[PDB]
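One chain comes next, on its own, written out as structure tokens in the form deposited in one PDB entry.
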């Protein structure tokens, strides 16, 4: 009744137990369909049995092959497919059949069986938010029904479901598969069945292990970058980042038309970029306060503070107003008028090209910035020479207002200040930076 193709994707060419894996399934059924998938032909040779029911699917482009040759669904003729990791072995007979039976009888589109390795699979919850570039894992509230798995498992599903995914075999599969299935609201049922481990497991030496863990980590980082996951969180608070830092370029490059590239991709500001802007805003405020420079939250930064005490989630910089006469109080600002200045913490201060303002960048390589706009009073009206004006009484006095994790100084009556600069109801009506292009 049930035909199941075994599909092997997670293995290392320098050190693997794929021959044992495939032979253990052949011992239960000599005609068992098996597909080993690889990006390039493994060397040293896998030396799989060269029989028609065992096939190697190379997922690489080639001058002498058709398109179908790198599409793994054309190697799978059966209704069901079972993803089997290296290090597993078939020992008990008919396990795939019991998995098929459980899937037909259940409600999850995926069923799974742990492998009795030193790291068997465990049930996990998972939320994916592409707009915020974040994947949030947690403990499974309704185990053994999960959104994702952590560790080694045989995962069985219908071929039509697996190969309608965008990247069915992207490595690591343990990360890539459940990111895609959870996003679609699919569940994986963790069954009470266990596959045995290989008798001679792969990666038996500490050096061979260490080599494999580093290659895997490199593949996971590349995968998350390819798919737009900048941040992974775990319950307990553990964070791992996959985007910006002080030592790299910022994520999105130069902005045209006030609308950064990620907005056209229906995503908001990457969380790593937002983290850096908050750190730069916190730092610059500390420097100005220690130097005796009067400053106040400006533009979108003040708007975000008034709404929810933080940067607007699709914004990409921070604006502060300062008193023009106070500029000479700050060492970095005095230096900036002479040229670019890299200070005690690696931040870069410059007097800008465009319009008589200062710009503080997170680092020499990461150009996320705070802009400082000098104003001087003319007759109770704050103004500048290169370009709106506003009454000085909004700055007399300033008021405290949470922003980006700290307390910042804002104009008093900032609701009216914001409506004077943006229009009535701006606090209550969020918009994109300019809606004629994108709303």
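What we label the rigid core is the largest C-alpha set whose atoms superpose within 1.5 Å from one form to the other. Residue numbers count along the first chain shown, from 1.
Keep in mind that the form deposited in another entry is not shown, yet the notes after this line are about it.
With the core superposed, residue 395 shows a C-alpha displacement of at least 2 Å between the shown form and the other one. Taking the rigid core as fixed, one finds a CA shift for residue 417 of 2 Å or more between the shown form and the other one.
Relative to the superposed core, residue 34 shifts its CA atom by less than 2 Å between the shown form and the other one. Relative to this form, residue 132 and residue 434 approach one another in the other form, with their C-alpha atoms ending up at least 3 Å closer.
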